[PDB]
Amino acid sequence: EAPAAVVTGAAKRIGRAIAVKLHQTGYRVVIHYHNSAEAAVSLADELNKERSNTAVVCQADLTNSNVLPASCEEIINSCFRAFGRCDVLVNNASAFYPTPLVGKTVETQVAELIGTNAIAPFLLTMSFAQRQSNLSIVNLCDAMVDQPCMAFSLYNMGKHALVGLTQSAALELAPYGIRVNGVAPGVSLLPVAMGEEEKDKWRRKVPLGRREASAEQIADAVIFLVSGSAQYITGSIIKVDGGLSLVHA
C-alpha cells in the first residue's frame, strides 16, 4: 500500500509543487484549498489521470475561530477516509499582508495571520498525532524571521510561532516516531500582484544567482525531510534562500 500526505493550500504556487513532487514520489495526496477551487480540482484531475484514485480535494478556511479545531480534524479525517492512512502533513497555507501598528479589522487580521500561520498548524498536528514507519510533519517557515518586512508584524509573530511549534511538537511526538521539521524559503515565487520593477529589486539581493527560488527547489527540501534519508532529523529547519538572510542592511 502507498503512503498518504496532506498538503495545505496546495492549489497554487509552492503548495502545488509540493503535492506534484510528493505524488511523483508515490504518495497519495490530499489537496487542501480555500478560495482556489478551480485550480485545486484541475490539479487533482491531472494527478488522478496518470494514477487512479491518488488525489482528493478538501476545502477549509484556516482562520482562527471556535470552529477551527473541527475544521482541522476534518482535513486529517479526509485523508483517512480517502486513503485509510495519514503519513505526512505539510503545513503550507498562509495569509500574507501588511498590518501596520500606526478593509479588514484588527481582530480579523489577528485571526487570519496567527490562524493560518500558527494555530491551524498546531491543531492539524494534534489531530494528525491523535489519529495515529515513516511519519513526519513539515512546516513551511521563513528564512527572514529575524530580519522581517516593515509593518508585517502579525505575520511575523505567526511565523515565529511556527518555529516554536516545530521545536515543541518535535520534542513531544518523538517517542511516537513522528518527526517535525521545517523548510524556510527566503524569496521564492513573488506575490502575483508584485510588479516587475519591485520583483527584480529583490532578485538583485540574492547572492546565489541573483534570482528567486523556483517552487520545485523549495519542494525538494520537503521531499528530503520526509524521505528515509532524514530518519534521524527532527526539530530542524532548512533554509532555502540563496544566502539572502546573510545579507546585511
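Counting begins at 1, following the sequence as shown. In this text, rigid core is short for the largest set of C-alphas that superpose within 1.5 Å between two forms.
Of the two stretches examined, 186-194 and 217-225, the one with higher mean CA deviation in 8 other deposited structures of this protein after a rigid core fit is 186-194.
Superposing the other copies on the rigid core and comparing 24-32 to 195-203, farther C-alpha placement in 8 other deposited structures of this protein marks 195-203. The modelled chain breaks after residue 102 and resumes at residue 103, leaving 4 to 9 residues of the deposited sequence without coordinates. Unmodelled stretch separating residue 132 from residue 133: 4 to 9 residues (count of deposited-sequence residues without coordinates). 199-207 and 182-190 differ in mean CA B-factor, and the higher of the two is recorded for 199-207. Of the two segments examined, 50-58 and 63-71, it is 50-58 that shows the higher average Cα temperature factor in the deposited entry. In this PDB entry, the Cα temperature factor of residue 155 sits in the bottom third of its chain's modelled residues, the lowest group.
Sort the modelled residues of the chain by CA B factor and residue 244 lands in the lowest third.
When the modelled residues of the chain are ordered by C-alpha B-factor, residue 122 sits in the lowest third.
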